[PDB]
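Descriptive analysis of the structure
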Amino acid sequence: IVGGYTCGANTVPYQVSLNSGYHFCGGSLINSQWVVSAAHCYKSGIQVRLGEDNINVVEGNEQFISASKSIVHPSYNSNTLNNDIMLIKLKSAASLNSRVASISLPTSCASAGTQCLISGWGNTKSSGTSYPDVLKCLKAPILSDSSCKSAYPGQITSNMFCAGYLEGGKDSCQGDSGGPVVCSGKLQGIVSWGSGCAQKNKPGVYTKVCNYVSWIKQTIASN
Ligand SMILES: N=C(N)c1ccc(OCCCCCOc2ccc(C(=N)N)cc2)cc1
Ligand SMILES: [Ca+2]
């Protein structure tokens, strides 16, 4: 997260860190045994780390639970990142508490201008690299589809939306991938892609979760 702020320990209790020996992606806990992340976060041997703030320090609120199953979206296209969404089932149910909480799925999409909370342990530098140990947060509005598609001509699908600031300076970044974009208490976005980070006219691109709710619920119900 570039241009964001320290969330504060466990203030984003649905934020998970996906770990395969190191943090490599965010995810969002959607119920006690399911995390949603970006399909581009897919790998085998994922451990989901719940209740994290400092991902480098055991602070006492963590639950580390291995993934039992990863389900990448049937239509995920890694070339275009269309349908950049994946479900990860936990081997055992997270113990839900103040610090480890699920985030509700949308029952509909969100409008441009809606303010969202984007969070993650991704790079905090627009130029160069600095990875935070504590969770970073960014409030960002959903951008118009036109501004999104203008920013990334030929690349934005109905399954993506942009959020952030065309002026630059505030964005998600690498390492935030798969993490949540929560707007009005709903997971509306997943950190998916963009160009650089927090660059002018290159806003973050997010998986449009509202398109996937049926798939998510059906998949979870059947798995
Ligand atoms: N659309 C495409 N064909 C495409 C775009 C990027 C990409 O790259 C590797 C996978 C994405 C890895 C995560 O990369 C980012 C980059 C920028 C931001 C941001 N600035 N918000 C957040 C995450 C692959 C395909
Ligand atoms: Ca920790």
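Each chain's residues are numbered sequentially from 1 according to the written sequence, a convention that need not reproduce the entry's numbering, and residues without coordinates are excluded. For this description, chains carry letters from A and ligands carry numbers from 1, given in the order in which they are written. Hydrogens and water are ignored here; the side-chain numbers use all heavy atoms of the structure.

By the method listed in its record, X-ray crystallography, this PDB entry was determined to a resolution of 1.70 Å.

Points about the site of ligand 1
Only a single heavy atom is needed: when it lies within 4 Å of a molecule or strand, its residue is near that molecule or strand. The full set close to ligand 1 counts 16 residues, and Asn79, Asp171, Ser172, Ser177 and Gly196 are the nearest of them. In protein, a polar contact means a hydrogen-donor-capable atom and an acceptor-capable atom, both N or O and within 3.5 Å, with residues adjacent in sequence counting only if both atoms are side-chain atoms; elsewhere, any N or O pair within 3.5 Å suffices. Note that a nitrogen atom of ligand 1 is positioned 2.8 Å from one of the side-chain N or O atoms of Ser172. In the complex, the protein chains occlude 77% of the 580 Å² of accessible area that ligand 1 would expose alone. Residue polarity is assigned by list, with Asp, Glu, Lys and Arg as charged and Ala, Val, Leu, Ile, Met, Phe, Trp, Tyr, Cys and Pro as nonpolar; anything else, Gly included, falls into the polar class. The residue inventory of the shell around ligand 1, partitioned by class, reads four nonpolar, eleven polar and one charged. Domain limits in this description derive from either an automatic procedure or a database domain assignment. Two domains each provide a minimum of three residues to the shell around ligand 1, namely domain 1 (1–12 + 103–210) and domain 2 (13–102 + 211–222). Throughout, the Shrake-Rupley method with a 1.4 Å probe supplies accessible areas, and for residues the shown protein chains are the sole cover considered.

Here's the deal with the UniProt feature "domain: Peptidase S1" in the protein chain
UniProt positions are given in the numbering used here, feature names are shortened, and annotations may be inferred rather than shown by experiment. Per the UniProt record, "domain: Peptidase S1" is annotated on residues 1–221. Only runs of H or I of at least four residues qualify as helices and only runs of E of at least two qualify as strands under DSSP, and these elements are numbered from the N terminus. With 7% helix and 33% strand, residues 1–221 has end C-alpha atoms that lie 33 Å from one another.

Regarding unusual backbone geometry
If you check the backbone angles, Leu81 has positive phi at about 55 degrees while not being a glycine. Even without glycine at this site, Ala198 takes up a positive phi of about 60 degrees. Here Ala198 is to be found in the loop between β12 (186–193) and β13 (204–208).

Overview of the sheet that holds strand β9 (residues 136–141)
Strands are treated as partners if at least two bridges between them are detected by DSSP. Taking strand neighbours across the sheet as the criterion, the seven strands line up as β1-β9-β8-β11-β12-β13-β10 in an open arrangement whose pairing is antiparallel. This sheet does not close on itself; its edge strands, each paired only once, are β1 (5–6) and β10 (160–163). Relative to strand β11 (residues 180–183), strand β8 (residues 115–120) runs antiparallel, the two sharing three bridges. By the bridge assignment for β11, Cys116 is matched with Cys183.

Re the packing of aromatic side chains
To describe a pair of aromatic rings, one takes the distance between the centres and the angle between the planes. Two rings from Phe, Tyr or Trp (for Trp, the six-membered ring) form a pair when their centres sit within 6.5 Å of each other. Planes less than 30 degrees apart are called stacked, planes more than 60 degrees apart edge-to-face, and all others tilted. In this structure the tally under the stated criterion is four aromatic pairs. An angle of 80 degrees between the planes, with centres 6.5 Å apart, marks the rings of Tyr212 and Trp215 as edge-to-face. Assigned by exposure class, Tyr212 and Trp215 land together as buried. Positioned over the ring face of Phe64 is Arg49, at 3.6 Å from the centre of the ring. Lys202 extends its terminal NZ or CZ atom over the ring of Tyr152, reaching a point 5.7 Å from the ring centre. Categorising residues by exposure relies on relative accessible area from a 1.4 Å probe, with only protein chains included: less than 20% of the type maximum marks a residue as buried, more than 50% marks it as exposed, and the intermediate range marks it as partly exposed. Ring-over charges, as used throughout, are those where CZ of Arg or NZ of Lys falls within 6 Å of the ring centre and within 35 degrees of the ring normal.

Some points on the domain arrangement of the protein chain
Split into domains, the protein chain comes out as domain 1 (1–12 + 103–210) and domain 2 (13–102 + 211–222). By definition in these notes, contact holds between two residues if any of their heavy atoms fall within 4.5 Å. Domain 1 puts 38 residues into the contact, and the matching count from domain 2 is 39 residues. Summed over both partners, the interface of domain 1 with domain 2 comes to about 2,900 Å²; 55% of that surface belongs to carbon and sulfur atoms. Salt bridges are defined as contacts in which a side-chain nitrogen from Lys or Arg sits within 4 Å of a carboxyl oxygen from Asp or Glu. At the junction of domain 1 with domain 2, the criterion picks out zero salt bridges. When two parts are brought into contact, each loses some accessible area as probed by a 1.4 Å sphere; the total of that loss over both is the buried area.

Concerning the pairing of strand β5 (residues 47–50)
Both faces of the sheet carry side chains from a regular strand, because those side chains alternate between them. In this sheet, β5 lies alongside strand β2 (residues 15–19) in antiparallel orientation, the contact comprising three bridges. Within the sheet, the bridge partner assigned to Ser17 lies in β5 and is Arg49. Pairing analysis gives four bridges linking β5 to strand β6 (residues 63–72), with the strands arranged antiparallel. Bridge pairing links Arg49 to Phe64 in β6.

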